Each structure stands twice: as C-alpha cells, then as structure tokens.
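Novice: Take a look at the following structure, please.
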Amino acid sequence: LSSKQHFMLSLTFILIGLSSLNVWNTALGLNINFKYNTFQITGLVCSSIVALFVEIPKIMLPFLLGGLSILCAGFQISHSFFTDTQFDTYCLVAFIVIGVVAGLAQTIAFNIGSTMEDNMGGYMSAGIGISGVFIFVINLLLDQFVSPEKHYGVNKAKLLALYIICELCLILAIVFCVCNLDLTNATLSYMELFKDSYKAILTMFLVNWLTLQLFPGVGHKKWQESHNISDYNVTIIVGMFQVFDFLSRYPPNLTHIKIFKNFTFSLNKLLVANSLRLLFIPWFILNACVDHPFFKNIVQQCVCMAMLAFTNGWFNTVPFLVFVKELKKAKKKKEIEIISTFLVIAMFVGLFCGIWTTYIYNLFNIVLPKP
Amino acid sequence: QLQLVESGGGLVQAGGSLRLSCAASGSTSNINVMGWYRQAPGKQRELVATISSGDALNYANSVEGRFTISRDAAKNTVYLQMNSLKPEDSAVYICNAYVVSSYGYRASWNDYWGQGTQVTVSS
Numbered sequence: 001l002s003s004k005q006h007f008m009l010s011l012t013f014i015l016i017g018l019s020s021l022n023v024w025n026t027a028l029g030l031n032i033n034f035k036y037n038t039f040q041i042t043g044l045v046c047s048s049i050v051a052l053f054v055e056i057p058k059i060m061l062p063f064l065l066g067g068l069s070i071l072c073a074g075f076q077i078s079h080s081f082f083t084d085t086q087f088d089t090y091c092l093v094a095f096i097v098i099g100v101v102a103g104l105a106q107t108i109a110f111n112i113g114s115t116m117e118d119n120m121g122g123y124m125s126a127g128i129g130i131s132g133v134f135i136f137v138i139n140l141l142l143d144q145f146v147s148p149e150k151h152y153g154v155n156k157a158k159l160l161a162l163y164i165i166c167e168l169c170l171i172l173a174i175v176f177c178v179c180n181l182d183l184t185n186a187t188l189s190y191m192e193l194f195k196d197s198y199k200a201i202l203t204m205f206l207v208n209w210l211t212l213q214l215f216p217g218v219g220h221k222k223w224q225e226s227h228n229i230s231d232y233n234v235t236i237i238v239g240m241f242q243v244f245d246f247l248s249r250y251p252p253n254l255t256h257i258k259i260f261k262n263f264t265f266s267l268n269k270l271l272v273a274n275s276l277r278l279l280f281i282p283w284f285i286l287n288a289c290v291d292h293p294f295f296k297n298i299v300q301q302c303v304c305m306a307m308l309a310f311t312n313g314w315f316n317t318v319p320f321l322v323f324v325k326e327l328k329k330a331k332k333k334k335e336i337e338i339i340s341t342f343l344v345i346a347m348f349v350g351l352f353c354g355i356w357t358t359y360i361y362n363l364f365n366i367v368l369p370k371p
Numbered sequence: 372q373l374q375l376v377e378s379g380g381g382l383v384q385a386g387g388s389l390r391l392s393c394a395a396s397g398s399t400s401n402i403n404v405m406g407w408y409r410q411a412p413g414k415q416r417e418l419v420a421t422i423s424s425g426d427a428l429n430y431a432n433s434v435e436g437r438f439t440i441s442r443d444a445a446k447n448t449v450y451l452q453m454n455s456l457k458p459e460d461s462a463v464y465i466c467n468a469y470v471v472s473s474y475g476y477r478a479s480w481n482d483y484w485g486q487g488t489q490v491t492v493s494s
C-alpha cells in the first residue's frame, strides 16, 4: 500500500461520507417542510439502530447509493410534473426511504473503514463535515443567480441545481467505490456495562436531544415565519449551523495544543455543561416572540445559532474521548467496543427524540401574529 | 506514524525481576489503554497486562499477583514489573496501544504494536 492507493482510499471514503450527507444538508438548505425532516430523521435512526446489530452484506452499498440517486431523480421529476398531493405523498415516502438508505450506507462505510488498517473513520467524518460546508457554499453561490419562484414552497431552480449536484456526486462516488473498494469478501453482562458507563450515555443523549429539539423547526423555521425572514437570510442562518458544527468537532481532537487544552475536560463537568445548554431553550423561544429590534436582527440570529452549532459537535465528541477515563470495571478491550455501541445508539435516540419534541412548542403561542 | 520503543528483555535465571519500558511518540493524548502481549514460539498471541487511561488494571489469570504494571502519563510511558519469573513465561512481549479515532458520531479503535523484546528464562 503505497501513497497513491492510500490517497485514493482516503478520497473515496471522504467522498462516500460527503455524498451520504449531501441529501440531508440540501434538505436543510432548501427550507423543506418540517415533517419531511422528521420522517428523514426517523428513517435514519431506525435504519442505523437496526443495522448496528445485524451484519448486513457489504456488497449492497453501491446498490443503495444508486437507489439514493434514483430517489433524487424522482424528487426532481415530482417537483417538475406532479401535483401538490402526489408530490407531498411521494416526497414523504421518499424521505423515509432516503433516511433508511443513508443510515445503511453510513453503517456499511463505517464497518468497511473499521475492518482495515489505517482506519478511515476520521476521513469519513471529515467527508460528512465537508458535505455540510460544500452544501452551504454552493447554496450561497446559487442564491444570487436563481430567481425565487417558490413553486411548492421550494425554489424550483435551486432544487434542480442542488439535486443534480447531489446526483453527480453520488454517481462519481459510486464509480470511486467500485474502482477502489473490494466487495468480494468471558465478558461482563450488559447491565454491569450500562450501570458503569451511564454518565457517558446520558451526556450524549442530552446534547443530541436538545440540538435536534430546536434547530430543525425552531432554529430557523419559527424565526422566519414569525419575523418574515427573507429567503436570502435564511440560507445564511441555516447554513452557518452546518459550518460551525463541523468545525466544532476538531478542537477536542487537537488537545495537545495549548489553546485547546481545556476542550476535553471530564464527564461530571459535561452534565453541568449540558444543563447550561438548556439555557438555549429560552433564547431560541425569545427570538421568536419579541419584536424589539435587537431580537429581529440577522447577526444576532446568526450568532445565536452559531453558539448552538459549536456546542453541538464539541459536546458530541467529548463523551467518546473521555468515557474510557471514567471506566472502572469494564477493562477488557472487548467491553470498550461494546460500550461504544451504546454511545452511538444513545445519539440516534437523541436525534429521534430530538425532532419529535419540537412539536411541544406547537402548543405554545410562540409565533407572532401576522399583522 | 506512531512508534513504540521497548527495552528490558533478556536471559535471566528463574525467579528474577525485569522492568519493561514502552513509550509512544506519534499519538500523544488519544491513547486510551496500553498493554503488553506475549507470544510464545509456536503459539498464538496472548494478553499479559493492560492499564487504561483512568487507571484500570487488567491481568491474565496466570500472572495475577506476580506482574505489576504502572503508567506515567507525563511522558506517555508504561512500565511493567515482572516478579518471580518462571520458564513457561519465556516468550516475546510486544507493547500495544489503543487509539480512538472519533472525529464525531462514530468511535473507531486502532491497535499499534511495537517490535517487542525477547525474554527467555532457563536454568
């Protein structure tokens, strides 16, 4: 394995991650309806949880990537020549199956990266982050070159352009995966493992439960429907959550530098750090309830989402890096991997529970009156 | 890359005592648990003793009460003390590291092995 093949493998893994998260990033960017995001998250978490326990075949990854591509094609054709009711029904079922397929693809790619030397999990995560950044950048570039016709609440030209970009990325990732990857071929009981590393599980569910509680439907959906935020400004608001969330997962990794010495601190301090994250709930609600000019400001709205974005990824990698320090009775190498399975499961429950509790705020009269 | 340096092996009489030093240079803080593995000639690899980052002590059932392994987080060096050596422990001990690569939403672990030292006891 010389430098050329290693570089190609790193590139194809980064590209697999990028093309897997492209669909979610463009669904966020296009201001799609909230229930579609909820369906996508539900499908993704269900598929990931199911695939964690079942050793699904590793040959099927290109097939489901092609299924994702044809689903994007169906999205385009439905936005083109389908009426509102059939478009809604399609888009919802397509988003459910898209979430399922994306979760399966992520699981298969991570399993491929793990069972090989010079792991590519870091490369896949970097690919996901670059997917978020790339979607934001192309959306910003595309905003001033597309007329906002707003056919079904989604810009026709923007949807077509973003989805053809996603399709070309998906097919070129397909060819990269086919060319590069080879698709031929005494432990303690779980109760003791759970009762020992319970803080790490709880500290990871809480951060993902709260972040996905707000950003989907209250992070920018309720702000724009209560303050009439322009579509140009919404892209900056939503698109800067996905550029600071990716940038926030690195500083924990470069702990050797003096500046980032205190970024990974402890597990006990993480619970009290997630309690301070609960102070984001009044701030997000206050941004959609007061007309006083400071709250109706693009920079404040951007910064308020930026702070949540930074504390999301930074608090999502810390429990992975410090939970081994807090372990007392789980000492074997096999239990370390088993506990890590509980952590990723605890996140998907956090994402699944995060989206659905957004409907709690529907009871409150948060949104300002139209006149 | 990640490099491991081991020293202390040799030929000593039965019931002796040796101190094995293992140090890491490439990865500084991502190491979670370091340990020692022995491989007898004509035999498969086996675990000897591992110390985690949170001072968690693991041992093989055949070395309990005889081997003491200590860590020095200041320079990322792990030392193993062997007491009352016996002929069946004649093997090659290779230091091992356990690095977590967890850039987010997925934790993956790697094993880094040094060249190891040959320890033989006879007479």
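If you read the protein sequences in the order shown, they are chains A and B.
So in this note's numbering, the last spot in the first sequence is 371, and the numbers never skip.
So in this note's numbering, the last spot in the second sequence is 494, and the numbers never skip.
Using N, Cα and C, we set each Cβ at its ideal position, and we do this for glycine too.
Just to confirm my understanding: we take residue 416(B), look at its own chain, exclude 5 residues before and 5 after, and list those with CB closer than 7 Å. What are they?
Specialist: Position 45 of the second sequence holds residue 416(B). Cβ neighbours of residue 416(B) beyond the five flanking positions: 408 and 410.
Novice: Check whether chain A comes within 8 Å of residue 427(B), counting only Cβ atoms and requiring the distance to be less than that.
Specialist: For this step, residue 427(B) is matched to residue 56 along the second sequence. Output row for residue 427(B): interface = yes.
Novice: Ignore the nearest five residues each way along the sequence and tell me which others in residue 286(A)'s own chain have a CB closer than 8 Å to its CB.
Specialist: Your numbering for residue 286(A) matches position 286 in the first sequence. The answer, listed in chain order, is 295.
Novice: Strictly by DSSP, which residues pair up with residue 420(B)?
Specialist: Indexing the second sequence from 1 puts residue 420(B) at position 49. 407(B) and 430(B), per the DSSP bridge assignment.
Novice: Quick one: does residue 69(A) have its CB under 8 Å from some CB of chain B?
Specialist: Against the first sequence, residue 69(A) aligns to sequence position 69. False, the Cβ-Cβ gap to chain B never drops below 8 Å.
Novice: Please determine if the region 121-135 of chain A and the region 469-476 of chain B are in contact, where contact requires at least 3 C-beta pairs separated by less than 8 Å.
Specialist: A contact exists between the region 121-135 of chain A and the region 469-476 of chain B.
Novice: Might you give, ordered along the chain, the residues of its own chain that have their beta carbon closer than 8 Å to the beta carbon of residue 109(A), omitting 5 neighbours on each side?
Specialist: Counting from one through the first sequence, the residue named residue 109(A) turns up at place 109. Excluding positions up to five away in sequence, the list reads 13, 16, 17, 20, 61 and 124.
Novice: On the DSSP bridge list, what partners appear for residue 95(A)?
Specialist: Against the first sequence, residue 95(A) aligns to sequence position 95. Per DSSP, none; premise fails for residue 95(A).
Novice: Examine the Cβ distances between the region 61-70 of chain A and the region 32-45 of chain A and report whether three or more of them are shorter than 8 Å.
Specialist: Flag = no, the region 61-70 of chain A and the region 32-45 of chain A do not touch.
Novice: Say whether chain A places a C-beta atom closer than 8 Å to the C-beta of residue 408(B).
Specialist: By 1-based counting over the second sequence, the position of residue 408(B) is 37. No, residue 408(B) does not count as interfacial toward chain A.
Novice: Quick one: what does DSSP say residue 83(A) is sitting in, helix, strand or coil?
Specialist: As a working mapping, residue 83(A) is identified with position 83 in the first sequence. Three-state DSSP puts residue 83(A) in coil, outside helix and strand.
Novice: My parser needs the alpha helix (DSSP H) runs of 4 or more residues fully inside the region 165-233 of chain A; what are they?
Specialist: Whole alpha helix (DSSP H) segments, 4+ residues: 190-196, 198-214 and 221-227.
Novice: Out of 133(A), 153(A) and 169(A), point me to the one whose CA is closest to residue 70(A)'s CA.
Specialist: Counting from 1 along the first sequence, the entry for residue 70(A) is found at position 70. Looking at the Cα atoms, 169(A) is the closest of the given residues.
Novice: Express the C-alpha separation of residue 10(A) and residue 383(B) in angstroms, rounding to a whole number.
Specialist: Here residue 383(B) corresponds to residue number 12 of the second sequence, with the count starting at 1. Here residue 10(A) corresponds to residue number 10 of the first sequence, with the count starting at 1. Rounded to whole angstroms, residue 383(B) to residue 10(A) spans 47 Å at the Cα level.
Novice: With H, G and I counted as helix, E and B as strand and the rest as coil, what does DSSP make of residue 478(B)?
Specialist: The residue you call residue 478(B) lines up with position 107 of the second sequence. Reduced to three states, the DSSP call for residue 478(B) is coil.
Novice: Is the Cβ-Cβ distance between residue 393(B) and residue 470(B) less than 8 Å?
Specialist: Residue numbering aside, residue 393(B) sits at position 22 when the second sequence is read from its first letter. Residue numbering aside, residue 470(B) sits at position 99 when the second sequence is read from its first letter. Contact flag unset, no.
Novice: With DSSP as the reference, identify every bridge partner of residue 402(B), one or two as the case may be.
Specialist: Numbered from its first residue, the second sequence carries residue 402(B) at position 31. According to DSSP, residue 402(B) bridges with 470(B).
Novice: Is there a Cβ from chain B that is less than 8 Å from the Cβ of residue 19(A)?
Specialist: The count along the first sequence starts at 1 and reaches residue 19(A) at position 19. Not an interface residue.
Novice: Which first and last residues belong to the alpha helix (DSSP H) in which residue 347(A) is found?
Specialist: Your numbering for residue 347(A) matches position 347 in the first sequence. Looking at the DSSP string, the run of the alpha helix (DSSP H) that includes residue 347(A) is 333-356.
Novice: Between the region 230-238 of chain A and the region 40-59 of chain A, are three or more C-beta pairs nearer than 8 Å?
Specialist: Contact fails: fewer than three Cβ-Cβ distances are below 8 Å.
Novice: Do you know offhand how far residue 90(A)'s Cα is from residue 216(A)'s?
Specialist: Translated into positions along the first sequence, residue 90(A) becomes position 90. Translated into positions along the first sequence, residue 216(A) becomes position 216. Answer to the nearest angstrom: the Cα atoms are 21 Å apart.
Novice: Quick check: is the beta carbon of residue 320(A) nearer than 8 Å to any beta carbon in chain B?
Specialist: By one-based count along the first sequence, residue 320(A) stands at place 320. Cβ-Cβ to chain B under 8 Å: yes for residue 320(A).
Novice: Relative to the C-alpha of residue 330(A), which candidate in 405(B), 386(B) and 423(B) has its C-alpha closest?
Specialist: Residue 330(A) sits at position 330 when you count from the first residue of the first sequence. The option with the nearest alpha carbon to residue 330(A) is 423(B).
Novice: Tell me, please, whether the region 263-271 of chain A touches the region 196-207 of chain A by the rule of three or more beta-carbon pairs shorter than 8 Å.
Specialist: Because the criterion of three Cβ pairs below 8 Å is met, the region 263-271 of chain A and the region 196-207 of chain A touch.
Novice: How should residue 376(B) be labelled, buried or exposed, when 16 other C-beta atoms within 10 angstroms of its C-beta is the threshold for buried?
Specialist: Against the second sequence, residue 376(B) aligns to sequence position 5. Burial call: exposed.
Novice: Enumerate in chain order the residues of its own chain whose CB-to-CB distance from residue 4(A) is below 7 Å, with the five nearest sequence positions on each side excluded.
Specialist: Reading the first sequence from its first residue, position 4 is the one you call residue 4(A). Closer than 7 Å at the Cβ level, and outside the excluded window around residue 4(A), lies no residue.
Novice: Please work out which residues of its chain come closer than 8 Å, Cβ to Cβ, to residue 480(B), disregarding the five sequence neighbours upstream and downstream, and give them in chain order.
Specialist: On the second sequence, position 109 is the one that residue 480(B) refers to. Within the same chain, residue 480(B) has close Cβ partners 403, 469, 470, 471 and 472.
Novice: Give a yes or no on whether the C-beta atoms belonging to residue 373(B) and residue 400(B) are separated by under 8 Å.
Specialist: Residue 373(B) sits at position 2 when you count from the first residue of the second sequence. Residue 400(B) sits at position 29 when you count from the first residue of the second sequence. For residue 373(B) and residue 400(B), no; Cβs fall outside 8 Å.
Novice: When every heavy atom of the ligand SAH is checked, does at least one fall within less than 7 Å of the C-beta of residue 486(B)?
Specialist: Looking for the ligand SAH in the displayed structure turns up nothing, as the structure carries no ligands at all.
Novice: To the nearest angstrom, how far is it from the Cα of residue 318(A) to the Cα of residue 132(A)?
Specialist: Residue numbering aside, residue 318(A) sits at position 318 when the first sequence is read from its first letter. Residue numbering aside, residue 132(A) sits at position 132 when the first sequence is read from its first letter. Rounded to whole angstroms, residue 318(A) to residue 132(A) spans 21 Å at the Cα level.
Novice: Need the endpoints of the beta strand (DSSP E) that residue 488(B) sits in, please.
Specialist: Here the question's residue 488(B) lines up with position 117 in the second sequence. Looking at the DSSP string, the run of the beta strand (DSSP E) that includes residue 488(B) is 488-493.
Novice: According to the Cβ coordinates, are residue 208(A) and residue 316(A) closer than 8 Å?
Specialist: For the purposes of this step, residue 208(A) is identified with residue 208 of the first sequence, where counting begins at 1. For the purposes of this step, residue 316(A) is identified with residue 316 of the first sequence, where counting begins at 1. Cβ distance < 8 Å, so residue 208(A) and residue 316(A) count as in contact.
Novice: May I ask you to report which of helix, strand or coil DSSP gives residue 31(A)?
Specialist: The residue labelled residue 31(A) in the question sits at position 31 within the first sequence. If DSSP states are grouped into helix, strand and coil, residue 31(A) belongs with coil.
Novice: Does the distance from the CB of residue 206(A) to the CB of residue 312(A) come in under 8 Å?
Specialist: Here the question's residue 206(A) lines up with position 206 in the first sequence. Here the question's residue 312(A) lines up with position 312 in the first sequence. Contact: no.
Novice: On the premise that residue 102(A) lies in contact with residue 24(A), defined as a C-beta separation below 8 Å, what is that separation, rounded to the nearest angstrom?
Specialist: Numbered from 1 along the first sequence, position 24 holds the residue referred to as residue 24(A). Numbered from 1 along the first sequence, position 102 holds the residue referred to as residue 102(A). With a Cβ gap of about 7 Å, residue 24(A) and residue 102(A) count as contacting.
Novice: Could you confirm whether any beta carbon from chain A is found closer than 8 Å to the beta carbon of residue 399(B)?
Specialist: Within the second sequence, residue 399(B) is the residue found at index 28, counting from 1. Chain A contact via Cβ: present.
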